[PDB]
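Only one chain is given next, in structure tokens, and it is the form deposited without this ligand.
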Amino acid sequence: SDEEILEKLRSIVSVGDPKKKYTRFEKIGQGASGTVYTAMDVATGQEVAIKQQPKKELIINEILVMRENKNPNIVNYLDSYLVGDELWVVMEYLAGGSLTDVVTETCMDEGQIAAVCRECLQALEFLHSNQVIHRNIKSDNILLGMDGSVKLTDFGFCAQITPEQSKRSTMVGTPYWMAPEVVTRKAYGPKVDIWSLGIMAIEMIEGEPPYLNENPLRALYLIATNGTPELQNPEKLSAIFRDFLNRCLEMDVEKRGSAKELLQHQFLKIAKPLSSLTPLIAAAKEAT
């Protein structure tokens, strides 16, 4: 019965030698599982990012889900290899870095924040319409292009739902960003991603998710009891922004906005061009 799951992901990986297609191999990061490098396509002259035991079932889920859900607001999966003993997942390279650096080292005005939310909601609307829940939306899993491109990544925790089983009840995600209905093991749908988006907006405002100074469990408890979080300074924000936040962070899932609904919110109408994010990127790179 197992681990014939290991032979399953051997079917997925492509045929050939990795070294023969991508030169200019250079490392640019590492984070628990696993580590990230860089390279160029000898064929097309394209720069690419290469990620490099436990529970490899996730890495399968990540490959498959990424392959069948191409979107301009998703970090594009390319090829896969395994000629060694670690995964050779190749994806498009965004040099601007993660949104985390930006939210914790810079100040974003509402026009910048709206632009980010709109790009993310676009990815969410696409994924949800394909019955996929990301379940781990956070600034850490938002990568930025040097041109201000905003793309979604990390799909190991994705949940493929079906008309027969459109809900889950497993506590997956990262505590500070997890919807109350996920924390309290209740039946939940795609709008949990919308909750995590809201939390990420709080990131973009206050620098970090609510209860971050608390321990993960304490945070988990607080989310389960407090429900919808409070801004430290709600009055700093426009009325239309506060509204968008309220409809992202609604306790009533039915009263909470869908991606498609939220893409029509008046708040996104004050979104700046994506080029406006490049100064935020340069700022984050500095002080680092």
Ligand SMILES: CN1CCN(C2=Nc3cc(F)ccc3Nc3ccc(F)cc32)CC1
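When you see a residue number, it is the position in the sequence shown, counting from 1.
Missing here is the form deposited with this ligand bound; even so, the following discussion is about that form.
The site is blocked: after superposition of the local C-alphas, three or more atoms of this ligand, taken in the deposited complex, come within 2.4 Å of this form's backbone or C-beta atoms. The candidate spot formed by 62, 126 and 152 is fully in contact with this ligand in the deposited complex: every one of the three has a heavy atom within 4.5 Å. Shown alone here, residue 130 lies within 4.5 Å of this ligand in the deposited complex, counting heavy atoms only. Taking the partner from the other structure, this ligand in the deposited complex has no heavy atom within 4.5 Å of any heavy atom of residue 191. Among heavy atoms of residue 66, some come within 4.5 Å of this ligand in the deposited complex. For the chain shown alone, residue 74 is a contact residue for this ligand in the deposited complex, at least one non-hydrogen atom being within 4.5 angstroms. Here the chain stands alone, but in the deposited complex its contact with this ligand, taken as any heavy atom within 4.5 Å, falls in 74-82 among 192-200, 74-82, 211-219, 113-121.
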